[PDB]
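Below you'll find the structure, written out as structure tokens, and then a few comments.
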Amino acid sequence: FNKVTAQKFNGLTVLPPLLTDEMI
Amino acid sequence: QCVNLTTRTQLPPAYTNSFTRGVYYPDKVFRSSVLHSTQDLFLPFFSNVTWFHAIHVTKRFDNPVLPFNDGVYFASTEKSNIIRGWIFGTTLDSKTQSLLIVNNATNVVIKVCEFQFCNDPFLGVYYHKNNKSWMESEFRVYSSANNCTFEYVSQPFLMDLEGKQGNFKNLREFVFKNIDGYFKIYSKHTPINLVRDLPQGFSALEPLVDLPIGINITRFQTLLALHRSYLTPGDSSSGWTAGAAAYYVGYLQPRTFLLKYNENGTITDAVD
Amino acid sequence: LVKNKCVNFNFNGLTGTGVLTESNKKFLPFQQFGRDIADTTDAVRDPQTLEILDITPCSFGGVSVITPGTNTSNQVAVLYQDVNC
Amino acid sequence: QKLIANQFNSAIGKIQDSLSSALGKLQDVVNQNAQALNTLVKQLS
Amino acid sequence: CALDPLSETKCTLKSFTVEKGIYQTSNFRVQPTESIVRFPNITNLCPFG
């Protein structure tokens, strides 16, 4: 999780997925 | 009023190399943790730059009329505050709007007018007998002035009028640009202990105030100050002294540069 | 001077609509605006008392309607994407 | 059985020591989306 | 399409029946009701008394 790594200011919002990292 | 000089033995200017010099703030916005590039007038690294001397020990006094290009780089490892001011213009015959930015011992003046610039303007510092202090008395920069419009006074700055022959302790860089008629002044003081072959350190240059005159500048010339002690007879013909100074004249080229911004927001590195 | 609401200001260089939150970073005394990594002016220094404020928009995303299906119910629910309540 | 159990524990420690020293397939999918989002803000300029 | 979210679902999908699932009807934009313009801090009047 720590090995692999605002944009929403211009209407480019990022939607969250259905399943988070805890359920995966 | 001004006087003429007498022919004597001079020293020819040398050519040295720069080491990561000529980096200033390209805008008036804040940047942090972003690698952004812009297209402005900067100085290319490891380029051939001119070198002019001002140390007396002989009688070195070289102040020619160099052409002013789009952005210059004036770096001076000043120790005793020998270089006072700078002049600008095209023909220097009371025909255009000449510039006069002289750092005096009382206050900094910015007076763009039609002054009568002579062949060689210089300030003279006379040493009094009863007073053990160096005072400026020969104020020979121009002859007269008829009429002009703009006149601005800057913040007061204290200077040392005593000239020595020791090593330098400070370094001052000046960048003069002209875009759309606007004048830009980038000045920053940085202490260093060196006489020549500038180090590879990094230091940003912060501007002070924008001067919107709106004229064209094609030539420029620096002003040097001399001292009049009891060793010299006091005539500006063949016997004089100037202390020790060294200024670098560089021309900024239109090259894109990549800057590095930390969490503080200051410039750390520059990549051409 | 008002803060912490979706307001509109014109600080000599832009007309943006958003909020003005109290930042924790002090700027250098020669700048007026501030960009970021995403190339967006979201930090404008207030010329009143040199108070650094951040810009965050108030319109984020849109709405959403939840329908259980036909022959099941009649009421729905309103879902916001990235709008805090 | 004690030989393969020791070889299995040595194989896990070799993967853990190699992964602690970045991945390629999990980084190109993020760098391509980050450059595409940074391009859309540049289109407004 | 501007009265009920259930009726907004049917006309935007162009179907009189709705099955189970998520949909997007419109957006939510917050309109500011006030505007401030402050270029200087205090207009320093020159002495004219």
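For clarity, chains are labelled A, B, C, D and E in written order, and residue numbers in each chain start from 1.
Here, contacts are C-beta pairs under 8 Å (C-beta built on N, C-alpha and C of every residue); 3 or more make two chains touch, one makes a residue touch a chain.
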Inter-chain pair with the most contacting C-beta pairs: C-E
Geometric centre distance via CA averages, subunit B-subunit A, whole Å: 53
Cα-centroid distance, subunit B relative to subunit C, in whole angstrom: 46
Intercentroid distance (Cα basis), subunit D paired with subunit C, Å: 34
Distance from subunit D to subunit B - Cα centre to Cα centre, in angstrom: 54
Sites on subunit A at which at least two other chains make contact: 7, 10
Listing of all chain pairs that touch each other, if any do: A-C, A-D, B-C, C-D, C-E
Touching residues (chain side subunit A, partner subunit D) in the complex: 3-5, 7, 10, 12
Complex contacts: residues of subunit A adjacent to subunit C: 6-10, 13, 15
Residue ranges of subunit D touching subunit C (in the complex, touch as defined): 37-38, 41-42, 45
Complex contacts: residues of subunit C adjacent to subunit B: 25, 27-28, 30-37, 39, 41, 43
Partner subunit A, residues of subunit C touching it in the complex: 36, 38, 40, 42, 57, 60-61, 81-82
